[PDB]
Amino acid sequence: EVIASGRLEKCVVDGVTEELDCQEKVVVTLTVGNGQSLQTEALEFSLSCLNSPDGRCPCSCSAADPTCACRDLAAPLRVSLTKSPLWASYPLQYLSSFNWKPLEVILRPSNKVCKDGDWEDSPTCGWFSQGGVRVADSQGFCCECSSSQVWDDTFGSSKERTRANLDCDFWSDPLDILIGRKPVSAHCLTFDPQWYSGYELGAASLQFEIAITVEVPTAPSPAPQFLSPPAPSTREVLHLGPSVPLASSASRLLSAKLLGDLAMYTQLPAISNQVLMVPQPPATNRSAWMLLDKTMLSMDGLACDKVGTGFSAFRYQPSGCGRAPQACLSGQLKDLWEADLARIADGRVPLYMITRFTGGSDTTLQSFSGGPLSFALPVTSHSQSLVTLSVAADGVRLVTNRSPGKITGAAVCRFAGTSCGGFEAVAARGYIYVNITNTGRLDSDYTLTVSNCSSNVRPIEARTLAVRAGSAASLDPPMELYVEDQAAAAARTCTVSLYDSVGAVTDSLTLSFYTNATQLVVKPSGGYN
Amino acid sequence: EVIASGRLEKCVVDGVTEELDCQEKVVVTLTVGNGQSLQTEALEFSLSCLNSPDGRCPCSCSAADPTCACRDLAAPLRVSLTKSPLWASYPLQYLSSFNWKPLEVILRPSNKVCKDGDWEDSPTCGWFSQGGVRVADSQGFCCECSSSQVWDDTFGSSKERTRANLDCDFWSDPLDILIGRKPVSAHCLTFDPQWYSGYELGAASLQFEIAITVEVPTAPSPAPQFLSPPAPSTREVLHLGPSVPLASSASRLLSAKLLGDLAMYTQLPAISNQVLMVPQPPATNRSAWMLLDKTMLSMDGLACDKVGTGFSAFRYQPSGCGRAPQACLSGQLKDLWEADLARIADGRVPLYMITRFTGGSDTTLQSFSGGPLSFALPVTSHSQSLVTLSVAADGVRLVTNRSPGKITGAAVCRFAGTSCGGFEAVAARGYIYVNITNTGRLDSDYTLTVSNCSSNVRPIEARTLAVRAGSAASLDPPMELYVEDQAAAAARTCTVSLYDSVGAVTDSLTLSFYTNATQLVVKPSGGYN
Amino acid sequence: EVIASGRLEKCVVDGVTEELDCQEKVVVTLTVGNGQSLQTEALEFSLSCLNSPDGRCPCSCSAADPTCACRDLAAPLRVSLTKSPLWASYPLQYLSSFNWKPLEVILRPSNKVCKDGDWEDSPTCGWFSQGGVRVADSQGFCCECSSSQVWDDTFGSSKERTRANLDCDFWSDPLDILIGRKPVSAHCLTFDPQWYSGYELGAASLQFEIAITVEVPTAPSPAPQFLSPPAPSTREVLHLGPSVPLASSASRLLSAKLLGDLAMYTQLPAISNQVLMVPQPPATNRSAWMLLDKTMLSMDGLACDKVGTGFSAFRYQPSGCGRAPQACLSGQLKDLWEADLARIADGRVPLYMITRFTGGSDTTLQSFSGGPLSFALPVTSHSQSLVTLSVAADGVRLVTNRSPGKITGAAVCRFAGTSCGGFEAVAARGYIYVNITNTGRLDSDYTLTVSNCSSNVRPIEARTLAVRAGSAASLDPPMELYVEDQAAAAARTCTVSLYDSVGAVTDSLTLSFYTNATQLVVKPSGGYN
Ligand SMILES: *[C@@H]1O[C@H](CO[C@@H]2O[C@@H](C)[C@@H](O)[C@@H](O)[C@@H]2O)[C@@H](O[C@@H]2O[C@H](CO)[C@@H](O[C@H]3O[C@H](CO)[C@@H](O)[C@H](O)[C@@H]3O)[C@H](O)[C@H]2NC(C)=O)[C@H](O)[C@H]1NC(C)=O
Ligand SMILES: *[C@@H]1O[C@H](CO[C@@H]2O[C@@H](C)[C@@H](O)[C@@H](O)[C@@H]2O)[C@@H](O[C@@H]2O[C@H](CO)[C@@H](O[C@H]3O[C@H](CO)[C@@H](O)[C@H](O)[C@@H]3O)[C@H](O)[C@H]2NC(C)=O)[C@H](O)[C@H]1NC(C)=O
Ligand SMILES: *[C@@H]1O[C@H](CO[C@@H]2O[C@@H](C)[C@@H](O)[C@@H](O)[C@@H]2O)[C@@H](O[C@@H]2O[C@H](CO)[C@@H](O[C@H]3O[C@H](CO)[C@@H](O)[C@H](O)[C@@H]3O)[C@H](O)[C@H]2NC(C)=O)[C@H](O)[C@H]1NC(C)=O
Ligand SMILES: *[C@@H]1O[C@H](CO)[C@@H](O[C@@H]2O[C@H](CO)[C@@H](O)[C@H](O)[C@H]2NC(C)=O)[C@H](O)[C@H]1NC(C)=O
Ligand SMILES: *[C@@H]1O[C@H](CO)[C@@H](O[C@@H]2O[C@H](CO)[C@@H](O)[C@H](O)[C@H]2NC(C)=O)[C@H](O)[C@H]1NC(C)=O
Ligand SMILES: *[C@@H]1O[C@H](CO)[C@@H](O[C@@H]2O[C@H](CO)[C@@H](O)[C@H](O)[C@H]2NC(C)=O)[C@H](O)[C@H]1NC(C)=O
Ligand SMILES: *[C@@H]1O[C@H](CO)[C@@H](O)[C@H](O)[C@H]1NC(C)=O
Ligand SMILES: *[C@@H]1O[C@H](CO)[C@@H](O)[C@H](O)[C@H]1NC(C)=O
Ligand SMILES: *[C@@H]1O[C@H](CO)[C@@H](O)[C@H](O)[C@H]1NC(C)=O
Ligand SMILES: *[C@@H]1O[C@H](CO)[C@@H](O)[C@H](O)[C@H]1NC(C)=O
Ligand SMILES: *[C@@H]1O[C@H](CO)[C@@H](O)[C@H](O)[C@H]1NC(C)=O
Ligand SMILES: *[C@@H]1O[C@H](CO)[C@@H](O)[C@H](O)[C@H]1NC(C)=O
């Protein structure tokens with residue numbers, strides 16, 4: 001869209017010669033939208049003379065002169081603008097390394113010998129080391145049959161749990177028990193061969209590039225009106241972005257400036273301060289990657305049932321010998337990954353996997369240019385770039401292509417396309433997949449809107465689509481759909497509208513979806529009454 | 001405010017017929033402010049002919065023809081714009097269910113029998129179940145008199161604490177103690193009848209609707225100058241918003257586009273990733289609702305003194321029998337709610353209640369259109385919407401109403417209006433309540449500014465107010481006021497200015513407030529010296 | 001940059017007299033950039049008459065009249081705009097007080113007497129109090145030689161750790177051990193004399209002030225063209241900002257409006273909800289200040305190895321007597337500060353110190369106007385302010401100064417300038433320090449860009465610099481530089497470009513830097529195999 005278009009006398013005072021150079025320019029301010037991938041509209045700046053060196057018309061030299069390229073002839077300077085896919089890239093800062101799944105190994109020594117002392121040189125589990133220095137509390141812990149447990153197991157069965165499932169019965173091995181050598185167990189902390197590096201994510205940065213194609217005419221162009229045959233011209237592509245928000249033509253006929261983007265209506269996911277878990281090595285494979293909130297972790301390794309739970313946490317756990325094997329070792333990377341695989345299967349969105357933003361596919365993040373240790377997300381909310389073009393021309397006009405369209409498909413699917421037709425209310429979300437077609441002979445821009453929805457359907461923001469002539473396109477990633485009630489519904493409705501480049505509806509369709517009632521965490525029953 | 005206003009030749013190349021249709025349009029870009037609730041200003045687009053089908057003037061048909069509605073007559077196309085209240089709505093995703101207040105029930109069996117075994121079929125507290133399966137560690141724990149405690153209580157008094165306050169004295173019941181049946185206690189975990197559903201909040205989305213009222217003239221209008229009598233016209237309201245950022249007139253004389261909003265000077269509260277606690281059922285009542293940081297919770301129920309503390313945390317607590325009743329069960333939803341009620345009474349802002357954003361009132365969130373399971377907040381920071389109007393007219397002019405105003409009241413009050421006159425420095429904030437009056441005969445826009453403040457008073461952002469003719473208005477929600485020093489002050493000052501629609505001060509007033517010194521957490525005294 | 005420039009008929013309907021006052025104005029919308037500190041460009045509004053009271057030309061009174069100041073003469077109204085340094089200020093809300101370093105004092109009483117009872121009136125460590133009330137669990141804990149430990153230490157050496165390093169050997173003191181008086185120890189929790197106040201940070205607010213200098217002419221001004229000698233004029237400075245986004249001239253020839261800023265390409269650090277640790281007292285000294293994530297803290301004091309770990313956490317720690325002295329007391333403010341000093345020395349960025357945002361210097365935050373209890377950060381991402389000027393003039397022109405420049409230095413340094421030449425890949429970041437010079441006779445604006453970088457170098461956003469004539473300037477704070485691979489590289493490259501005010505490169509330079517391989521946390525080796 002064109003914000004402003006008009007004439008301005010722009011003067012420049014030279015820094016070294018103090019001389020003032022004034023020239024009237026056509027100043028255009030326009031927006032370069034998020035999904036503006038095709039050259040579907042152009043700005044035609046009218047020039048009163050061609051091949052002007054200084055940009056000033058009329059010609060100061062004679063056409064009879066072979067060294068005078070300037071011709072007092074009219075032709076338009078055609079300027080089109082596109083934007084590359086927009087990404088929110090988060091800088092990584094390495095914190096620590098985390099094991100996939102620390103595992104407890106239980107030893108039941110035949111000789112009934114168990115050594116877990118802090119000053120023990122030869123313990124049952126052995127010691128761990130770090131650069132030749134012995135790691136504190138890495139020797140594990142020992143457990144033995146309680147005198148009460150031996151009594152209960154001999155004359156019946158002990159109701160108290162033993163971590164290693166020891167048989168405390170006197171008759172299980174009476175010779176050793178009699179002389180004090182009661183059944184014993186060793187509890188060693190071992191690590192999975194797979195380790196993960198943890199990187200804290202910084203603040204998002206919008207990353208894109210705007211390409212301005214400038215067709216500079218060298219000669220003029222050779223009841224229903226049609227577009228004039230193109231003038232012999234010289235193409236030139238200029239690039240703008242947050243890194244380089246400035247650019248000028250070689251002729252310096254055109255000068256562009258990236259002012260900045262307007263604010264996004266839907267904020268970016270709050271993932272700064274989270275810890276990105278990347279697999280340690282034995283194109284970038286972000287499939288196994290996870291992004292975890294700091295509450296899910298134990299940085300110092302001193303806390304149980306957390307990502308990073310270490311030797312001290314495991315060794316000194318309250319009533320450790322009376323707990324079940326692998327207690328203290330829940331909520332590890334392997335557990336969380338598996339809990340998420342379970343969630344996807346239940347039509348729910350993962351909490352830890354990095355695909356919880358894309359909507360299922362790992363393939364969408366792959367198209368990102370960043371290095372092996374980079375993380376970014378596709379931006380779907382509109383982020384309108386204000387660009388200001390300053391041209392040495394008489395005037396300007398806007399020439400927009402308007403091809404009609406048709407919605408060829410629309411469905412509400414679950415995460416990772418588990419099933420289409422609807423999703424679980426409030427405990428899950430749906431994904432609006434839409435297939436559209438350009439039914440014209442020209443590349444054109446379109447707007448997909450979801451509105452006039454049934455009760456308690458969260459508003460969905462619109463989507464921009466640049467579709468090639470006669471070609472088919474789809475929304476990637478799809479639109480997120482949430483309901484604001486926990487009830488089961490057979491046919492919740494929404495109108496899916498397809499607007500052309502001029503703001504007229506070319507196609508409309510009613511999208512129907514079901515919701516399954518929210519499956520709340522089931523309350524425990526019983527206890528003291 | 002009007003950013004740009006000028007003429008642009010806009011051409012459209014038809015997608016199927018390839019024919020070019022050019023027409024010069026008046027292009028206006030303007031801002032639609034946050035508190036723009038009334039039609040206080042209009043854009044008058046001058047038309048050289050009325051009832052034109054194609055929007056093109058002059059008339060291509062004869063006035064003598066009954067099927068020709070077009071008249072070569074002048075009249076303005078009046079266009080006014082308003083914005084509905086702006087909301088930041090956060091999508092809910094169900095995580096788990098949390099009890100209001102888990103309660104410990106202490107049993108002191110007469111028969112001195114206590115069973116807390118892991119494999120015990122009939123324990124003292126009984127078992128809890130989930131879908132017929134027995135819940136692990138839900139049988140509670142048992143405590144008994146230490147042999148040392150029986151000795152101390154017999155020959156004096158035990159200085160060691162017992163959880164159930166057992167009388168370990170031999171003479172309390174000598175017959176049972178003699179035969180080994182020492183006093184015993186059972187500690188059962190029970191749950192309050194009230195449960196709460198926990199929903200993780202997603203990213204904010206700005207939600208509003210812009211209404212453009214278009215008065216299309218059908219006939220012309222029938223030293224101090226006055227406004228011309230209105231021309232016989234046909235009203236039409238068009239709507240723009242993040243969902244539908246496009247709109248055109250039925251006549252397609254006017255075409256609107258929502259470009260997006262500028263960034264807000266004061267960021268939205270960082271409440272994404274927090275867990276919204278909604279009461280489980282036995283208009284939407286968000287009064288009892290709470291919003292909690294993940295650090296306040298124990299999702300897996302394995303950690304003590306957290307929202308979600310469960311059976312394992314309670315059963316295996318270090319020196320559990322030597323702690324006070326209800327240990328491990330602090331910091332529950334009931335405790336936090338009560339700690340917040342306490343805070344409000346002390347002139348402090350709640351940390352967990354969802355009213356900690358509004359400034360006291362539960363009534364402000366009630367005016368939100370969302371479903372029973374929706375959460376949103378009123379936006380008070382300016383969020384300026386850029387709208388671009390493209391009209392088939394000769395020119396345009398802006399007609400703004402300028403009614404004078406007066407500040408009829410201004411006070412600094414505490415949270416939930418506890419008391420007015422001031423607040424506690426740094427540990428609390430104040431709320432600037434302002435009452436203004438339109439002292440003119442026309443609906444008008446105003447700006448309330450708080451500036452020229454005394455030392456260490458945090459800058460307050462301005463506020464837009466559209467007030468009806470002769471009517472009274474107030475700031476809702478009020479302005480937040482913070483000080484940057486911890487000292488007690490009798491009369492800290494600020495200038496409250498009321499600007500008219502033209503940028504001239506109609507009323508000014510000096511607002512005075514006190515601050516009570518920051519009441520810091522009192523340090524413990526004593527211990528080893 | 002100038003967005004729009006054109007004429008608009010602006011009408012005002014008086015609220016009390018209902019009379020319409022129309023006047024055609026020149027409406028200019030422009031951007032006021034982040035580093036726009038100097039008056040390097042001006043807008044010249046052409047006036048057809050001078051000293052007009054109503055702003056309307058031509059003169060309604062005779063020049064022959066002594067009480068008629070109006071002269072039908074031409075002169076420009078010169079308007080320049082600057083912006084003060086931009087800050088993101090976070091409101092403080094006091095939560096609690098935290099000790100610098102709680103310390104454990106170990107007592108080994110000669111008389112072998114240790115009292116740690118909950119109902120004990122005279123315990124070994126003594127009690128702590130709060131307003132005369134005894135603080136629960138503040139009496140510490142007692143430890144004694146295990147009967148097994150006495151046996152092992154007598155007939156060899158005990159392999160089990162004792163917290164106070166007790167000699168459990170019978171022969172160490174046989175008289176007392178024989179009669180049951182085994183070696184005992186007391187473990188008292190003491191506090192460092194230094195305490196810190198913890199303040200929760202609220203949401204960021206952009207804070208700046210735009211100064212518009214208006215030179216109102218009173219009389220007219222007295223082949224290579226030069227700038228006309230200045231017209232006798234009267235200077236006037238107007239101020240805009242989030243608090244007061246409105247302003248008008250005394251002549252009301254000029255009327256300004258702050259529309260708002262465009263969104264920043266690089267989001268502000270996610271520091272809301274974090275706890276700012278300010279030293280308690282015995283210009284503002286923010287050197288010792290720290291900003292901590294809530295996961296680093298124990299608000300209720302019930303959890304070990306956290307900022308806020310208190311008496312209960314310390315008293316009831318699992319196997320407390322078998323742990324090393326000061327266990328439970330790790331991760332305190334003193335520890336974190338020291339771990340950060342260690343990080344800076346290793347070329348790494350601190351995690352807790354508030355200098356982790358500036359890039360090393362404490363001096364950058366000092367230039368902030370806020371009170372003793374205020375926190376703010378310098379904004380380096382562009383934040384473009386849209387300003388709309390509405391002037392009673394015939395037309396306008398833009399006069400920009402263009403002085404050439406040169407890059408006099410460029411280096412990649414570590415945090416706090418540890419060493420220049422490069423940094424540690426992914427585990428650290430580099431800081432691009434750039435020194436530029438204005439080689440002209442006029443104050444001018446410039447753009448520093450970092451682009452055409454070697455593989456896996458994170459894109460750096462551009463930087464605006466207003467440099468005085470003939471003067472030297474540098475980027476403060478410096479540019480952050482991250483790599484997207486963990487490899488060691490000798491010469492990673494980037495082009496540092498210096499653009500003049502017109503968008504032409506005046507100087508270019510290639511910046512070379514090394515990266516040291518990411519030093520990952522070393523995995524423990526050993527344990528059970
Ligand atoms: C989520 O809900 C879907 C639909 O919602 C509910 O539909 C009814 C079952 C009814 O209870 C209504 O009030 C709800 O709104 C569930 O999908 C339905 O699944 C049915 C069983 O699989 C299916 O049925 C018939 O299926 C075929 C014909 O299609 C027959 O061969 C068969 O014998 C059944 O009669 C029904 O058509 C289907 N409905 C839709 C709209 O797809 C869905 O299973 C549920 N999800 C989960 C995981 O529970
Ligand atoms: C917060 O501070 C308020 C005012 O600040 C302080 O005012 C003085 C007490 C003095 O110490 C000064 O240096 C401070 O700035 C407190 O309000 C004050 O409360 C007083 C006692 O209630 C009150 O007094 C008189 O009140 C009436 C007359 O108004 C008499 O009948 C009575 O006998 C007292 O003489 C005083 O007027 C009032 N001041 C104001 C400005 O309202 C406020 O209590 C305090 N809040 C808390 C919770 O401590
Ligand atoms: C981070 O890396 C810097 C450079 O990277 C590496 O340089 C080589 C050592 C080589 O391994 C290459 O593949 C890497 O890219 C380290 O800086 C280097 O440090 C060397 C030893 O201090 C130094 O060498 C010579 O230094 C002087 C001459 O300058 C001689 O007197 C001396 O005898 C050595 O021969 C080398 O020049 C220097 N390189 C650069 C580019 O500065 C840096 O130490 C390292 N940082 C850490 C903390 O490990
Ligand atoms: C959008 O169009 C694609 C086809 O271009 C649809 O995908 C096909 O779906 C059928 C039936 O499930 C499969 O047999 C094909 O293998 C699919 N092709 C591809 C390339 O995936 C898709 O379902 C359409 N989406 C909507 C919402 O209508
Ligand atoms: C703004 O005006 C309202 C009245 O319209 C004031 O509220 C009244 O205050 C008096 C005195 O406390 C009460 O008796 C009334 O019941 C209140 N009315 C309502 C509707 O609340 C209010 O105090 C004024 N605010 C300021 C800051 O001056
Ligand atoms: C930018 O210029 C300053 C000088 O104005 C440089 O700083 C000096 O560096 C030398 C050598 O290290 C020291 O002897 C001086 O004491 C420094 N002066 C000051 C004021 O710090 C600085 O190194 C230059 N930076 C770059 C990147 O070239
Ligand atoms: C990514 O990594 C996993 C690791 O198990 C592997 O199975 C997969 O094939 C890899 N490649 C892709 C493209 O997913
Ligand atoms: C209202 O919604 C229904 C579908 O629910 C649709 O048929 C209709 O066209 C919509 N009307 C408007 C005015 O949006
Ligand atoms: C909201 O819920 C509470 C629950 O106790 C009830 O007391 C109250 O009356 C309800 N209604 C309103 C409007 O607050
Ligand atoms: C300065 O502040 C005082 C009130 O503290 C006010 O009376 C005065 O009008 C203000 N002046 C300006 C120029 O803002
Ligand atoms: C700030 O505080 C520290 C406290 O130890 C002190 O050493 C320092 O000199 C103070 N001043 C400055 C300007 O750093
Ligand atoms: C490409 O980068 C190199 C430095 O790496 C530089 O010399 C060259 O000028 C750059 N070219 C462009 C077109 O940016």
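Letters A, B, ... mirror the listed sequences (proteins, then strands); counts begin at 1. Just so you know, these numbers use all the heavy atoms, side chains as well, and skip hydrogens, waters and symmetry mates.
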Looking only at heavy atoms and a cut-off of under 4.5 Å, which of [options] has the most pairs with chain B?
options                                : value
A:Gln225, A:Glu44, A:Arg323            : A:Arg323
A:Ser525, A:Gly526, A:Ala427           : A:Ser525
A:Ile271, A:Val521, A:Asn529, A:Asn401 : A:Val521
A:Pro459, A:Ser5, A:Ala4               : A:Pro459
A:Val399, A:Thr295, A:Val426           : A:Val426

Go through the atoms of [X] and report whether side chain, backbone, both or neither lie under 4.5 Å from a heavy atom of chain B.
X        : result
A:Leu268 : backbone
A:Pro224 : both
A:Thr31  : side chain
A:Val2   : both
A:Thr29  : neither
A:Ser158 : backbone
A:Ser451 : side chain
A:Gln384 : side chain
A:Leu520 : both
A:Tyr482 : side chain
A:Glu424 : neither
A:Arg343 : side chain

Chain A contacts, top residue of [options] (heavy-atom pairs, under 4.5 Å):
options                                : result
B:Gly126, B:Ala204, B:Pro123, B:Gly198 : B:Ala204
B:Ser96, B:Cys188, B:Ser319, B:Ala270  : B:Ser96
B:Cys125, B:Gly6, B:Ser272             : B:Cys125
B:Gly371, B:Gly117, B:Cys11            : B:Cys11
B:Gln317, B:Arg252, B:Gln207, B:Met264 : B:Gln207

Counting only heavy atoms closer than 4.5 Å, note whether [X] contacts chain A via side chain, backbone, both or neither.
X        : result
B:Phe375 : neither
B:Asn273 : side chain
B:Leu95  : both
B:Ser197 : side chain
B:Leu8   : side chain
B:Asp261 : both

| field | Shortest non-hydrogen contact from B:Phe311 toward B:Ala136 | value |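 Heavy atoms of B:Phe311 and B:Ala136 come nearest at CB-O, 4.1 Å.
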| request: Answer yes or no: is there a side-chain heavy-atom contact under 4.5 Å between A:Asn34 and A:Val379? | output: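 They are in contact (side-chain heavy atoms under 4.5 Å apart), so the answer is yes.
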| Of all pairs that satisfy salt bridge (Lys or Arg N to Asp or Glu O under 4.0 Å), the ones with a partner from residues 497-506 of chain A, not counting sequence neighbours |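 Every pair satisfying salt bridge (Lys or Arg N to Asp or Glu O under 4.0 Å) with a residue in residues 497-506 of chain A: A:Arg402-A:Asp500.
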For the pair [X] and [Y], find out whether any cationic side-chain nitrogen is under 4.0 Å from an anionic carboxylate oxygen.
X        : Y        : value
A:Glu1   : B:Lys10  : yes
B:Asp118 : B:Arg134 : no
B:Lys294 : B:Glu200 : yes
B:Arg315 : B:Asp116 : yes
A:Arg161 : B:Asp137 : yes

| message | Can you tell me how far apart CG (A:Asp485) and OG1 (B:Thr284) are? Round to the nearest 0.5 Å. | response |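 Answer rounded to 0.5 Å: 10.5 Å.
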| message | For the CG atom of A:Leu30 and the CG atom of A:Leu398, what is their distance to the nearest 0.5 Å? | response |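 Interatomic distance, A:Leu30 CG to A:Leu398 CG, rounded to 0.5 Å: 9.0 Å.
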| task | Go through the steps to decide whether A:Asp443 and A:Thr40 satisfy the test side chain to side chain donor-acceptor pair (under 3.5 Å), and finish with yes or no. | result | CA-CA 6 Å; A:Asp443 295 351; A:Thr40 62; over 6 Å; no
| query | Residues two or more places apart in sequence or in another chain: which of them pass ring pair (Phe, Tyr, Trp, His ring centres under 6.0 Å) with B:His382? | reply |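 Once residues adjacent in sequence are excluded, B:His382 has no partner under the ring pair (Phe, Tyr, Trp, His ring centres under 6.0 Å) criterion.
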| request: Please indicate whether B:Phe191 has more than 12 foreign heavy atoms, meaning atoms of other residues, nucleotides or ligands, lying under 6.0 Å from its CZ. | output: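 For B:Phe191, atom CZ is crowded (more than 12 foreign heavy atoms under 6.0 Å).
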